[PDB]
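Dropping work.pdb in here (PDB, C-alpha atoms):
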ATOM      1  CA  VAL X 508     -82.370  66.122  65.157  1.00  0.00           C
ATOM      2  CA  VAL X 509     -80.083  68.580  63.361  1.00  0.00           C
ATOM      3  CA  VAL X 510     -81.179  71.851  61.747  1.00  0.00           C
ATOM      4  CA  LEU X 511     -79.207  73.795  59.143  1.00  0.00           C
ATOM      5  CA  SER X 512     -79.562  77.549  58.597  1.00  0.00           C
ATOM      6  CA  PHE X 513     -78.338  78.823  55.239  1.00  0.00           C
ATOM      7  CA  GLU X 514     -78.093  82.486  54.274  1.00  0.00           C
ATOM      8  CA  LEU X 515     -77.388  84.411  51.050  1.00  0.00           C
ATOM      9  CA  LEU X 516     -76.582  88.116  51.482  1.00  0.00           C
ATOM     10  CA  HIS X 517     -74.091  90.474  49.849  1.00  0.00           C
ATOM     11  CA  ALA X 518     -70.830  88.864  50.985  1.00  0.00           C
ATOM     12  CA  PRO X 519     -67.909  86.987  49.393  1.00  0.00           C
ATOM     13  CA  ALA X 520     -69.192  83.455  48.904  1.00  0.00           C
ATOM     14  CA  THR X 521     -67.177  80.966  50.959  1.00  0.00           C
ATOM     15  CA  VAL X 522     -69.142  77.727  51.482  1.00  0.00           C
ATOM     16  CA  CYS X 523     -69.298  76.470  47.894  1.00  0.00           C
ATOM     17  CA  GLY X 524     -70.144  72.996  46.678  1.00  0.00           C
ATOM     18  CA  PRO X 525     -67.729  70.533  45.097  1.00  0.00           C
ATOM     19  CA  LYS X 526     -66.942  71.659  41.550  1.00  0.00           C
ATOM     20  CA  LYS X 527     -63.986  71.695  39.163  1.00  0.00           C
ATOM     21  CA  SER X 528     -62.632  74.952  37.759  1.00  0.00           C
ATOM     22  CA  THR X 529     -62.030  75.380  34.029  1.00  0.00           C
ATOM     23  CA  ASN X 530     -59.570  77.357  31.932  1.00  0.00           C
ATOM     24  CA  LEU X 531     -60.459  80.973  31.202  1.00  0.00           C
ATOM     25  CA  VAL X 532     -61.657  82.045  27.754  1.00  0.00           C
ATOM     26  CA  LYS X 533     -62.069  85.560  26.386  1.00  0.00           C
ATOM     27  CA  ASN X 534     -63.638  87.402  23.443  1.00  0.00           C
ATOM     28  CA  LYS X 535     -66.302  84.712  23.034  1.00  0.00           C
ATOM     29  CA  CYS X 536     -69.975  84.436  23.970  1.00  0.00           C
ATOM     30  CA  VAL X 537     -69.754  82.005  26.901  1.00  0.00           C
ATOM     31  CA  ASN X 538     -71.736  80.977  29.985  1.00  0.00           C
ATOM     32  CA  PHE X 539     -69.775  82.044  33.069  1.00  0.00           C
ATOM     33  CA  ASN X 540     -70.175  81.237  36.762  1.00  0.00           C
ATOM     34  CA  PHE X 541     -68.111  83.261  39.258  1.00  0.00           C
ATOM     35  CA  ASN X 542     -68.761  82.190  42.867  1.00  0.00           C
ATOM     36  CA  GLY X 543     -72.396  81.425  42.091  1.00  0.00           C
ATOM     37  CA  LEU X 544     -72.918  84.427  39.787  1.00  0.00           C
ATOM     38  CA  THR X 545     -74.367  82.878  36.624  1.00  0.00           C
ATOM     39  CA  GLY X 546     -74.765  84.700  33.327  1.00  0.00           C
ATOM     40  CA  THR X 547     -73.800  84.952  29.675  1.00  0.00           C
ATOM     41  CA  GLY X 548     -71.603  87.446  27.879  1.00  0.00           C
ATOM     42  CA  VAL X 549     -68.162  88.282  26.523  1.00  0.00           C
ATOM     43  CA  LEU X 550     -65.246  88.746  28.927  1.00  0.00           C
ATOM     44  CA  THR X 551     -62.408  91.160  28.127  1.00  0.00           C
ATOM     45  CA  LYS X 552     -59.868  93.271  30.014  1.00  0.00           C
ATOM     46  CA  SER X 553     -60.764  96.587  31.624  1.00  0.00           C
ATOM     47  CA  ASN X 554     -59.261  99.886  32.754  1.00  0.00           C
ATOM     48  CA  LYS X 555     -61.333 100.158  35.946  1.00  0.00           C
ATOM     49  CA  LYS X 556     -59.496 100.746  39.231  1.00  0.00           C
ATOM     50  CA  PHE X 557     -61.063  98.359  41.738  1.00  0.00           C
TER
ATOM     51  CA  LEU G  21     -53.838 111.289  84.329  1.00  0.00           C
ATOM     52  CA  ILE G  22     -57.419 110.394  85.307  1.00  0.00           C
ATOM     53  CA  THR G  23     -58.973 113.735  84.324  1.00  0.00           C
ATOM     54  CA  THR G  24     -61.817 112.953  81.873  1.00  0.00           C
ATOM     55  CA  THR G  25     -62.925 116.551  81.390  1.00  0.00           C
ATOM     56  CA  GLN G  26     -66.156 116.671  79.382  1.00  0.00           C
ATOM     57  CA  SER G  27     -66.994 119.385  76.856  1.00  0.00           C
ATOM     58  CA  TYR G  28     -69.344 119.591  73.882  1.00  0.00           C
ATOM     59  CA  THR G  29     -68.135 120.331  70.351  1.00  0.00           C
ATOM     60  CA  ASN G  30     -69.598 120.216  66.860  1.00  0.00           C
ATOM     61  CA  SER G  31     -69.009 117.237  64.574  1.00  0.00           C
ATOM     62  CA  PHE G  32     -69.386 118.870  61.114  1.00  0.00           C
ATOM     63  CA  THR G  33     -69.321 116.462  58.133  1.00  0.00           C
ATOM     64  CA  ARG G  34     -67.430 113.441  59.462  1.00  0.00           C
ATOM     65  CA  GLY G  35     -68.111 109.723  59.655  1.00  0.00           C
ATOM     66  CA  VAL G  36     -68.845 108.486  56.126  1.00  0.00           C
ATOM     67  CA  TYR G  37     -67.910 104.917  55.198  1.00  0.00           C
ATOM     68  CA  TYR G  38     -68.379 102.643  52.210  1.00  0.00           C
ATOM     69  CA  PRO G  39     -71.598 100.675  52.897  1.00  0.00           C
ATOM     70  CA  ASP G  40     -71.022  97.903  50.326  1.00  0.00           C
ATOM     71  CA  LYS G  41     -68.381  96.138  48.222  1.00  0.00           C
ATOM     72  CA  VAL G  42     -69.789  97.258  44.854  1.00  0.00           C
ATOM     73  CA  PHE G  43     -67.661  99.413  42.559  1.00  0.00           C
ATOM     74  CA  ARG G  44     -69.400 102.485  41.132  1.00  0.00           C
ATOM     75  CA  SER G  45     -68.122 105.418  39.092  1.00  0.00           C
ATOM     76  CA  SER G  46     -69.679 108.771  38.139  1.00  0.00           C
ATOM     77  CA  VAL G  47     -72.929 107.777  39.872  1.00  0.00           C
ATOM     78  CA  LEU G  48     -75.035 109.549  42.496  1.00  0.00           C
ATOM     79  CA  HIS G  49     -76.368 106.895  44.874  1.00  0.00           C
ATOM     80  CA  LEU G  50     -79.033 107.117  47.587  1.00  0.00           C
ATOM     81  CA  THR G  51     -78.372 104.910  50.616  1.00  0.00           C
ATOM     82  CA  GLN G  52     -80.382 104.221  53.776  1.00  0.00           C
ATOM     83  CA  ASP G  53     -78.250 102.916  56.646  1.00  0.00           C
ATOM     84  CA  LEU G  54     -76.853 103.885  60.061  1.00  0.00           C
ATOM     85  CA  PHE G  55     -74.849 107.110  59.814  1.00  0.00           C
ATOM     86  CA  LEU G  56     -73.543 109.794  62.134  1.00  0.00           C
ATOM     87  CA  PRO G  57     -75.879 112.787  61.647  1.00  0.00           C
ATOM     88  CA  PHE G  58     -74.456 115.971  60.170  1.00  0.00           C
ATOM     89  CA  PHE G  59     -73.663 118.852  62.544  1.00  0.00           C
ATOM     90  CA  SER G  60     -74.294 116.911  65.747  1.00  0.00           C
TER
END

Any chance you could give the structure as structure tokens?
Amino acid sequence: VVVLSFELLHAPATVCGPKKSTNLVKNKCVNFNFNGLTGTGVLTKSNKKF
Amino acid sequence: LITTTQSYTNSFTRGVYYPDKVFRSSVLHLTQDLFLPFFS
């Protein structure tokens, strides 16, 4: 018997599944997925100081 | 060397840390967490 214990809190996602990355596109309405964050929108550059 | 004199002093407004990894700007945020109380 083996038991797994997953967890999803506010942390940089590390244990991701097997997937293939794609080339980045900008200034277009596209479906994006960044480390499990799924959504739709338009991606541009920014002046924010992270 | 091996003195460890103990005295009590005020703490004022010290001990504030970023509680998350979320960028915010020009926002007043209310947070509930473990903090060092003011003027202890």

Selection under test: the ChimeraX specification (/G :<12) & /X; residues as JSON, numbers by chain
{"X": [516, 517, 518, 519, 555, 556, 557]}

Close residues, residue 548 (chain X) itself excluded, 10 Å, only C-alpha atoms, min 6 positions apart in chain, as a ChimeraX atom specification:
/X:533-539

Store the residues picked out above in a file with C-alpha atoms, as a compact mmCIF listing (two decimals), in the frame of the given file.
# COMPACT_ATOMS: atom_id res chain seq x y z
CA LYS X 533 -62.07 85.56 26.39
CA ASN X 534 -63.64 87.40 23.44
CA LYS X 535 -66.30 84.71 23.03
CA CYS X 536 -69.97 84.44 23.97
CA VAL X 537 -69.75 82.00 26.90
CA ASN X 538 -71.74 80.98 29.98
CA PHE X 539 -69.78 82.04 33.07

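Reported to one decimal place, the separation of CA of residue 31 (chain G) from CA of residue 58 (chain G) is 7.1 Å.
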
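If you count all atoms listed in the file and ignore residues fewer than 4 places along the chain from residue 32 (chain G), what sits within 12 Å of it is residues 36, 56, 57, 58, 59 and 60 of chain G.
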
Give me the residues within 12 Å of residue 54 (chain G) as a list in words, counting all atoms listed in the file and dropping any in the same chain fewer than 5 places off.
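Returned residues: residues 35, 36, 37, 38 and 39 of chain G.
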
Taking all listed atoms of region 509-521 of chain X, build the axis-aligned box, pad each of the six sides by 8 Å, then write its centre and edge lengths in Å to one decimal as lines of an AutoDock Vina configuration file.
center_x = -74.2
center_y = 79.5
center_z = 56.1
size_x = 30.0
size_y = 37.9
size_z = 30.5

Shell around residue 543 (chain X) at 9 Å using all atoms listed in the file, local window under 3 positions removed, as a PyMOL selection string:
chain X and resi 520+523+540

Write out as a ChimeraX atom specification which residues come within 12 Å of residue 522 (chain X) when counting all atoms listed in the file, dropping same-chain ones fewer than 5 positions away.
/X:513-515,542-543

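Evaluating the PyMOL selection byres ((chain X and resi 528) around 12) against the shown model yields residues 524, 525, 526, 527, 529, 530, 531, 539, 540, 541 and 542 of chain X.
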
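Across the structure, CA of residue 532 (chain X) and CA of residue 553 (chain X) are spaced 15.1 Å apart.
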
To one decimal in Å, tell me the separation between CA of residue 48 (chain G) and CA of residue 547 (chain X).
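So the two atoms, CA of residue 48 (chain G) and CA of residue 547 (chain X), lie 27.8 Å apart.
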